[PDB]
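First comes one chain, alone, set out as structure tokens in the form deposited in one PDB entry.
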């Protein structure tokens, strides 16, 4: 089978539509997501025209192998989609209505700068390559673009699923390509981060600050070094769920800042002890008393500055 012949010199228009049934497995580290959807296609093939009076039926059903079907592929997939043709229906004028249900692992890059208070635009790029006989162009049938109400992406809020109606038509290896951008806007459910990571980090940080009400070096060393070990466990825990970015993320900046605070508290603890040994407890007492206010105040201001830069 060859493609439909043109009436004039016009390109063949393939109307497309994606209807999302399921969204699952948004892997942050891998920058992938899995999708289960309907792919709807429509184009005119005059060669397929029929008289319903003679044929006995008002719509004709076909098997994919029986007729010409445009080779539509996804740009940003790991492997080619797993597809099952649901229906192929030809109307008397030769208007073909193709419908398949597919599943695919989509590659879509993420912006982690504001993580975990971040939002993403996931893309599904539909493409068609023009044949040597006639040029093929993609179009969006908005009445056939949507998502199921139930569609839940664990840990995310689905804002919208829309398509950029104008295809990107460009040459690639001496032939025309027609590319459509289907965009799924999502925002992270930051809730869990607060009681599970943020608040535990603060509690252990405040525990380390009790060293500012102690003159016992051995106890102070235990407090600061032990809380530092607990903090490292949280840093590893957090970083394992993120990919290695060539930029600073909000979480990353906070983690880095906390290390500085632990480092400076060791300096304070060390300085205070050195003075007490040098028989200067009056000078050490001045530093500690200052540390009691300075550490929370600088912690609060540094965080305001960070939140300002990132948001």
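Positions refer to the first chain, counted from 1. The term rigid core refers to the most C-alpha atoms you can superpose between the two forms while keeping them within 1.5 Å.
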Comparing 145-153 with 220-228, the one whose average Cα B-factor in the PDB entry is higher: 145-153
message: On mean Cα temperature factor in this entry, is 38-46 or 59-67 the higher one?
response: 59-67
message: Sorting 97, 235, 214, 187 by Cα temperature factor from the record, which one lands on top?
response: 214
query: Highest Cα B-factor in the deposition, which of 103, 120, 133, 76?
result: 133
- prompt: With respect to C-alpha B-factor, does residue 87 fall in the lowest, middle or highest third of the chain as deposited?
  reply: middle
query: If you rank every modelled residue in this chain by C-alpha B factor, which third holds residue 244: lowest, middle or highest?
result: middle
query: residue 27's Cα B-factor: lowest, middle or highest third of the chain?
result: lowest
message: By the recorded C-alpha temperature factor, relative to the other modelled residues in its chain, which third is residue 206 in?
response: middle
field: Cα B factor band for residue 161 (lowest, middle or highest third within the chain)
entry: middle
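One more form of this protein should be noted, the form deposited in another entry, which is absent from this view; the next part is about it.
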query: Which of the listed residues (189, 97, 103, 241) moves its Cα by 2 Å or more between this form and the one not shown when the core is kept in place?
result: 241
Per-residue C-alpha change between this form and the one not shown, residue 54, threshold 2 Å, rigid core fit: yes
query: After fitting the rigid core, is the C-alpha of residue 282 off by 2 Å or more between this form and the one not shown?
result: yes
- line: With a difference of at least 3 Å, the CA distance of residue 155 and residue 243 in the other entry shows the atoms closer
message: Knowing the shift is 3 Å or more, I'd like to know if the C-alpha atoms of residue 242 and residue 181 are closer or farther apart in the other entry than in the shown chain.
response: farther
